[PDB]
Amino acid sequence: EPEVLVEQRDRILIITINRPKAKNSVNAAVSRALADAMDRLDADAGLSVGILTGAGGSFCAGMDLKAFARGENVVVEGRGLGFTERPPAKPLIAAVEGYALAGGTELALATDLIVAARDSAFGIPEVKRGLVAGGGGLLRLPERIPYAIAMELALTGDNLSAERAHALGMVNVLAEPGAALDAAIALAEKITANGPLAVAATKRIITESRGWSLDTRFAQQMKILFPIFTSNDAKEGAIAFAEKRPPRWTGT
């Protein structure tokens, strides 16, 4: 059985970490296959949105430390844990059941949107074992929830419940336990109904803009806006609306 399963439903790619006996921990096989799945997602013109999930009712207990200690290529150059260091250009949704701990919280945080079972949990317990979270949890956590609560979780290693992460605005949608994938699919479909060149460019600006100075950010944004103004989709969106009918996207 593949250590990561990949399935297309319409224009959504569903990516499932499949080591439920190892609590979906990330070895080199998972890390390469996540990497390849994101490549696939970005390259395939028939796809609009990715969804990341774990098999068997749990998202991911983190990095496979045994595999790392033995020497597998778990943290891939320019990619990290699967894609922690190079997320995909297209929208990516985490669908979380059970535990998303350590590297697993890091994978969730590397996505754009999180849908989490009401009974699921996150955390970076690394320090409790004399480790440090190095898959970007320490870079992204303080950017998703209040700085001091991120600090607190990082230094204590305490769990952060899905409901608390939703209250703090880290988790976008709370689902019925067992129903996270379905809710993430519903969310993915809303995004998929939108203009794909506009969606991608919109994600890029949100993401990159934190690195842009006050003085330069409008000009940097404009370089990304520039192909939108003359895109076929931009003209279609206006035509359809004025024709009072649904839009038809081509990604051009």
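Residue numbers run from 1 along the displayed sequence.
Relative to its counterpart among 138-146 and 85-93, 85-93 has the higher mean temperature factor, C-alpha atoms as listed in the PDB entry. Here 71-79 and 98-106 are compared by their mean Cα B-factor, and 71-79 comes out higher. Taking the deposited Cα B-factors for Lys66, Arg204, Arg217, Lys190, the highest one is held by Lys66. Annotation for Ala43: C-alpha temperature factor in the highest third relative to the rest of the modelled chain, per the entry.
The entry lists a Cα temperature factor for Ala28 that places it in the highest third of the chain's modelled residues.
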